[PDB]
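Asker: Protein chains in written order, with the entry's author numbering: chain BN, 2 to 178; chain BU, 51 to 149; chain BE, 83 to 348; chain Bf, 72 to 142; chain Bx, 35 to 196; chain Bh, 278 to 319; chain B9, 63 to 100. Each residue gets a CB set at the ideal place from its N, CA and C atoms; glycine is no exception.
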Amino acid sequence: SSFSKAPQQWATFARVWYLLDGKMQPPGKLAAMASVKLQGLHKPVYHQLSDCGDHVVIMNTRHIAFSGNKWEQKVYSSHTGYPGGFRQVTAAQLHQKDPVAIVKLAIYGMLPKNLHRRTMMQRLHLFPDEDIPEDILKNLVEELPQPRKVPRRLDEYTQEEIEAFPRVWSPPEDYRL
Amino acid sequence: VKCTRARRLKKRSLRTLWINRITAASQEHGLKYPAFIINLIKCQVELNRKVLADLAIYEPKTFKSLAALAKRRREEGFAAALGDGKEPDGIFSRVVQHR
Amino acid sequence: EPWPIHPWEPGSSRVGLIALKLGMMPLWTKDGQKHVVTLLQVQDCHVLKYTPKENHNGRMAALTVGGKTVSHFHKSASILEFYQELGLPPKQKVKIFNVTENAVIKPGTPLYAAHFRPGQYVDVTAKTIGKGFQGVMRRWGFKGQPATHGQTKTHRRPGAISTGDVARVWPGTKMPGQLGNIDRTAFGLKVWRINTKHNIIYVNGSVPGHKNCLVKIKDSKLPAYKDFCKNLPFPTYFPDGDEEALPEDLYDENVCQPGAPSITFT
Amino acid sequence: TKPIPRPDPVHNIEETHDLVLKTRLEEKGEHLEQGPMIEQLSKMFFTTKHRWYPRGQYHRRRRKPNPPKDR
Amino acid sequence: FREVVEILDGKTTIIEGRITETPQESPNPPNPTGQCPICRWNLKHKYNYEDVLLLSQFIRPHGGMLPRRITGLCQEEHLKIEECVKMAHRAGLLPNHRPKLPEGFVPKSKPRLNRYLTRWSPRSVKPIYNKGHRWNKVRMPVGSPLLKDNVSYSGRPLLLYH
Amino acid sequence: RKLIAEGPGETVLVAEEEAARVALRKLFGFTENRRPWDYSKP
Amino acid sequence: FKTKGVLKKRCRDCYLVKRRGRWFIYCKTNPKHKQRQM
RNA sequence: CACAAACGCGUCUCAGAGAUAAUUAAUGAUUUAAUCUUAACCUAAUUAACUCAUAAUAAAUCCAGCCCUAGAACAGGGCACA
Ligand SMILES: [Mg+2]
Ligand SMILES: [Mg+2]
Ligand SMILES: [Mg+2]
Ligand SMILES: [Mg+2]
Ligand SMILES: [Mg+2]
Ligand SMILES: [Mg+2]
Ligand SMILES: [Mg+2]
Ligand SMILES: [Mg+2]
Ligand SMILES: [Mg+2]
Ligand SMILES: [Mg+2]
Ligand SMILES: [Mg+2]
Ligand SMILES: [Zn+2]
Ligand SMILES: [Zn+2]
């Protein structure tokens, strides 16, 4: 509370590094919080003219999940400027070629369309797997919770829970499976 | 002409900035802005967004107390709605008339 | 102090050379056909530095090869320092070859034209003859307008360049500009003759670039001759390894040698 | 809480001449071109390269010499 | 449960049916008056693709569906549970309910893309290159429409097309 | 093992110096949350 | 195959199957009865 | 072709992997038969595109003057053999 002016300003406008797991998580919901943190909309001291911005490191990018048939239906279109140089790549193909590109484009779209978008994008770090350099690892402060709960598989359920779950119907003995 | 238009728009811009700051501070306490606002209103606490943003920026303890009060009011309202009982009333849900 | 020599593998690649384009010569085959060969003279080929596979590409290592000798008085301080630490005089053209990790050679090793044997397919990279800022007819081959049917100041103009509705021209539009002074590579050039004494390679077909210019020679990367390096010396040609002097000229199985019985059909 | 990390090492110390050893840790200098310098600064501060370029007379003259200060 | 066992002993084929013990229904259902199993266990408008413990009760070991005349469900719940089972299988749940192929498990393919709430088959939907404008937009369907009657604690309708 | 003061800084040494300054101010009573000077007529 | 908007069986051996996201009337006795819903 | 160059009418070279739309059959329930499956598991025959191996550039702070097959200017390559 009773700090000098320079250290108080430094503490108020200090940058923060956040961690975000991307395994079994929707790109849109990940990008929402990524954009919030990048713009600094989580800080009561936020202002458009101010340079308040926090770094976000997203891991397990290759293990991302799309709801529905977006893997097969969603497309990304680019153009090289040259005639006949317009390409439309499926989401699955784009993820196979570069896992980072999906979440990178999602965050790029969710970010505001001003000139600060490039500046806040340069603060973003995306990694396909849990292989992060120590220089970035030593800067992490906290890890944001996963926006989507990962459902359990059948084999991942414990036997006590399986037994506690009642059997709704009784199969006949004469039937064959 | 732009000066007049921007003077008119300054109130809206500063209100939106205050709302954004309040949303930031409330989500920092794990509470949503509409719920926080409606629960603070239900507690007969007439503080505008400017004062709320100033408190969030400079009075973290006071703003956390306000957020806790709003969450308590929300929980009391939810309990009353679930119960549907006239006799059971929350401590902070009581309404005080003018004096 | 030779580096260890690794056995040849099917997925391995060999290092190239840097030669000088002398000129063109005819060469007749035993079947009566006539081909045109180009003379590439390997004056000074030396391995300068070695770059690790991980630090260069992550798939294949890189070997740096120098060309013919040049003067010290016209090179930069950093280049002179690098050559002083290497122990060799400065070279003219410095090139990088992508080779596999099992075919690496110690820097400072010289290379000879015997690296290629009679009968092989090589790729030649060089800067073609730069024709400067040339017109569109010479550059892209666009046909001109009629010469005397009334055309006014248009005999070599490109004509229409775009469309009215687009209100702009596409970046891929062909326009007059620089022509020739660019690096090009010719693939699948067959080699017929190897002159050991003068270190000369006879490569079939035309070689991009003017005469008396540096040429980067490597093996053919075409899929038809991907595994032709098995019979060739895998690391490089070591004149001291065999302890036997090769003949002055090595010919292919079909080359009609200058000393011939004047073959006649039967 | 965790203890404060302390890093204190002087590898430039020479037993032959401490006077030269002291200047060995101070004679470090480097100069780069504008492009590489801007790229290095952008990489260090996690910003873009467009910020570090200088500005012209028209913008540098109109800056307020004595901006108001609060507090 | 009935199992078919085949024995080969010197150009002789013996086909036999063996009956094994099977689990029975729990003694106390919350609504014994309900004729339908789900409708009497009060799981109607409650289950989803995430609830694997209910979907795994009646499915063949190779992931196949079970006849309604044997199961006993109402037609609507039967269709909803079939849709949920298909969605779970496409999403990657029920790992142990796949046929065992010793020859095909060695040649690995591209890694399985993580997905959930998938409505159509991954191999039958062509990419939408036009995607439509704001007023006319080809929305991407997510989830099965048969699950629109599930309880919504938040109260917001489930977006079936996004 | 009882926290008396805390201080931020760019580096660890500056943060420690600021924490020492905060502790000294708290001990001497010259704090931002102190009693304002009394301007009245006794 | 004939592409149609409405599919109908031309004989008793035609069977309707949903494949590749479309509907197909397949007939083995009469191959000319192959119908594909557009 | 009255320049040492340019030029064609003259000469040399021109490629591997994945992927698919339509359409074929294996295994299999809803619909214990069958059925290529907007049911899964791996399937195999498969258009053109499209990407990727591969290919090219990819050694920073000497540049007054003199040549150049390098070039509008600016740039670039050489000036030790002789
Ligand atoms: Mg007003
Ligand atoms: Mg030229
Ligand atoms: Mg003409
Ligand atoms: Mg005229
Ligand atoms: Mg004329
Ligand atoms: Mg005229
Ligand atoms: Mg336009
Ligand atoms: Mg069957
Ligand atoms: Mg059949
Ligand atoms: Mg490539
Ligand atoms: Mg030069
Ligand atoms: Zn029912
Ligand atoms: Zn028929």
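Within a Cβ cutoff of 6 Å, which residues of the same chain sit near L102 (chain BU), ignoring the five residues on either side of it in sequence?
Answerer: Contacts found: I72.
Asker: Does any C-beta atom of chain Bh lie closer than 9 Å to the C-beta of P45 (chain BN)?
Answerer: Not an interface residue.
Asker: Measure the alpha-carbon distance for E287 (chain Bh) versus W11 (chain BN) and round it to whole angstroms.
Answerer: Straight-line Cα distance between these residues: approximately 7 Å.
Asker: Look at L261 (chain BE) and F215 (chain BE) and say whether their C-beta atoms are less than 9 Å apart.
Answerer: Yes, these two residues count as a Cβ contact at 9 Å.
Asker: My parser needs the alpha helix (DSSP H) runs of 4 or more residues fully inside the region 106 to 147 of chain BU; what are they?
Answerer: Listed in chain order, they are 110 to 133.
Asker: List the residues of chain Bx whose Cβ lies closer than 7 Å to the Cβ of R98 (chain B9), in chain order.
Answerer: Per Cβ cutoff of 7 Å: no residues; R98 (chain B9) is ~14 Å from chain Bx at best.
Asker: Taking contact to mean 3 or more Cβ pairs, one atom from each stretch, closer than 8 Å, check whether the region 122 to 131 of chain Bx and the region 175 to 193 of chain Bx are in contact.
Answerer: The region 122 to 131 of chain Bx vs the region 175 to 193 of chain Bx: no contact.
Asker: Suppose the cutoff is 7 Å on Cβ atoms and the five residues either side in sequence are ignored; what does the same chain contact list for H80 (chain BN) look like?
Answerer: Contacts found: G86, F87.
Asker: Does chain Bx have any CB closer than 9 Å to the CB of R72 (chain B9)?
Answerer: With 9 Å as the cut-off, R72 (chain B9) does not count as an interface residue toward chain Bx.
Asker: Run through DSSP, which three-state label would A56 (chain BU) get?
Answerer: It is helical.
Asker: Put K80 (chain Bx) into one of helix, strand or coil per three-state DSSP.
Answerer: Three-state DSSP puts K80 (chain Bx) in coil, outside helix and strand.
Asker: Taking the DSSP output, what are the residues bridged to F316 (chain BE)?
Answerer: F316 (chain BE) pairs with nothing; no bridge assigned.
Asker: Verify whether the separation of the beta carbon atoms of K94 (chain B9) and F86 (chain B9) is less than 9 Å.
Answerer: No; because the gap between Cβ atoms is not below 9 Å, this pair is not in contact.
Asker: Flag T72 (chain Bf) as yes if its beta-carbon sits less than 9 Å from any beta-carbon of chain BN, otherwise no.
Answerer: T72 (chain Bf) does not count as touching chain BN.
Asker: Cβ atoms of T255 (chain BE) and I264 (chain BE): under 9 Å apart, would you say?
Answerer: It is not a contact, given that the beta carbons lie outside the stated cut-off.
Asker: Kindly identify the DSSP beta-bridge partner or partners of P171 (chain BE).
Answerer: DSSP lists no partner for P171 (chain BE).
Asker: Cβ of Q40 (chain BN) less than 9 Å from any chain Bf Cβ?
Answerer: So no, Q40 (chain BN) is outside the interface.
Asker: Where does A101 (chain BE) fall in DSSP's three states?
Answerer: Of the three classes helix, strand and coil, the one that applies to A101 (chain BE) here is strand, per DSSP.
Asker: CB of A117 (chain BU) to nearest heavy atom of ligand 7: below 8 Å?
Answerer: No, ligand 7 has no heavy atom inside 8 Å of this Cβ.
Asker: For the alpha helix (DSSP H) containing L116 (chain BN), name the first residue and the last one.
Answerer: Here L116 (chain BN) belongs to no alpha helix (DSSP H), and DSSP marks it neither H nor E.
Asker: With respect to the alpha helix (DSSP H) encompassing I84 (chain Bf), which residues constitute its N-terminal and C-terminal limits?
Answerer: Where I84 (chain Bf) is concerned, there is no enclosing alpha helix (DSSP H), given that its DSSP letter is neither H nor E.
Asker: State the beta-bridge partners of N277 (chain BE) as determined by DSSP.
Answerer: Answer is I282 (chain BE), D331 (chain BE).
Asker: State buried or exposed for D55 (chain BN), treating a residue as buried only when at least 16 other CB atoms are found within 10 Å of its CB.
Answerer: Per the 10 Å Cβ criterion, buried.
Asker: Any Cβ of chain BN within less than 9 Å of the Cβ of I41 (chain Bx)?
Answerer: False, the Cβ-Cβ gap to chain BN never drops below 9 Å.
Asker: Please state whether the Cβ-Cβ distance between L132 (chain BU) and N89 (chain BU) is less than 9 Å.
Answerer: No, the pair does not count as a contact, with Cβ atoms beyond the cut-off.
Asker: I'd like to know whether the C-beta of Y83 (chain BN) is nearer than 9 Å to at least one C-beta of chain BE.
Answerer: With 9 Å as the cut-off, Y83 (chain BN) counts as an interface residue toward chain BE.
Asker: Quick test of the definition: if touching needs 3 or more C-beta pairs under 8 Å, does the region 154 to 174 of chain Bx touch the region 52 to 70 of chain Bx?
Answerer: With a cut-off of 8 Å, the region 52 to 70 of chain Bx and the region 154 to 174 of chain Bx do not count as touching, because too few Cβ pairs lie within range.
Asker: Whole angstroms are fine: how far does the CA of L130 (chain BE) sit from the CA of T318 (chain BE)?
Answerer: Going from the Cα of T318 (chain BE) to the Cα of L130 (chain BE) covers about 15 Å.
Asker: Could you check whether the Cβ of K61 (chain BU) sits closer than 8 Å to any heavy atom belonging to ligand 1?
Answerer: The answer is yes for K61 (chain BU).
Asker: I'd like to confirm something about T234 (chain BE): is its beta-carbon nearer than 8 Å to some heavy atom of ligand 4, or not?
Answerer: Yes, Cβ of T234 (chain BE) sits closer than 8 Å to a heavy atom of ligand 4.
Asker: Run through chain Bh and tell me which residues come within less than 8 Å of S5 (chain BN), C-beta to C-beta.
Answerer: Those within 8 Å of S5 (chain BN) in chain Bh are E295, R298.
Asker: From the DSSP output, read off the bridge partner residues of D22 (chain BN).
Answerer: DSSP, once it has assigned bridges, lists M60 (chain BN) as partnering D22 (chain BN).
Asker: Taking only three categories from DSSP, how would you classify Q77 (chain BU)?
Answerer: Correct three-state label for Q77 (chain BU): helix.
Asker: Taking only heavy atoms of ligand 13 into account, decide whether any of them is closer than 8 Å to the Cβ of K64 (chain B9).
Answerer: No, since every heavy atom of ligand 13 falls outside the 8 Å radius drawn around the Cβ of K64 (chain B9).
Asker: Taking Cβ to Cβ, would you say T182 (chain BE) is nearer than 9 Å to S302 (chain BE)?
Answerer: For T182 (chain BE) and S302 (chain BE), no; Cβs fall outside 9 Å.
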